[PDB]
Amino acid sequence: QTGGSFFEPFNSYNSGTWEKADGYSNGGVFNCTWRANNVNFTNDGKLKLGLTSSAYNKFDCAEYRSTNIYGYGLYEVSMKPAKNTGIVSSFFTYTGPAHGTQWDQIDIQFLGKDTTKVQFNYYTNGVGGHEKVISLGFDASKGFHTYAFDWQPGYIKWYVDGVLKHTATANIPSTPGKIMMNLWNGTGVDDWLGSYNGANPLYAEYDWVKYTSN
């Protein structure tokens, strides 16, 4: 069954509860290869995802994924996304074809082109289009703040430091998924992310993640 409530402080790599994407690229808009070497833990207990390069116009990025799958409940994360044109730092639930299910996800994405805003979205059976951009009232890249989504049968509610910022009720996903965090540079989506200018290294940091089931 779907995993139970938990609290992850990111003190170290726990290959029992989390996995590091490694040796492949998502392709498409993801113009980088996931590297386990890019998922690291600081001395002070922060997950630190890195976007790096060791070759011309060639980038290595990072994705950390839960081994367990999770359903309806409250998802919270304290993080500090990267700031730079053409990148994304994220916290999200995901399942899809590569997992042997329909595409259901709920996502928080910080577009590096403007870290004073955040984007919320979700997909149900591969149908998305629920994008919402929210002004934060601060630059997220400058400190750790707490972001969350409460995923329930008839709604998703997103919060920033406990303040309700947006509510969705239409066609809410139901297929349990992995909790994931990633940092990556885009290609072919300059209008959305800005073009990426190869700045490296860049990092997204996460202090903890908490999930509370129904």
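Note that residue numbering follows the sequence shown and begins at 1.
The mean C-alpha temperature factor is higher for 37-45 when 37-45 and 55-63 are set side by side.
As listed in the deposited structure, the average C-alpha B-factor of 93-101 and of 74-82 is greater for 93-101. Looking only at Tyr196, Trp192, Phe10, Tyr203, the residue with the top Cα B factor in the deposited structure is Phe10. Split the chain's modelled residues into thirds by C-alpha temperature factor. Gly186 is in the lowest one. In the deposited entry, the Cα temperature factor of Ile134 sits in the middle third of values across the chain's modelled residues.
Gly143: CA B factor in the middle third of modelled residues in this chain (values from the PDB entry). Ranked by Cα temperature factor within the chain, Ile156 sits in the lowest third according to the deposited record. In the PDB entry, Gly162 places in the middle third of its chain by CA B-factor.
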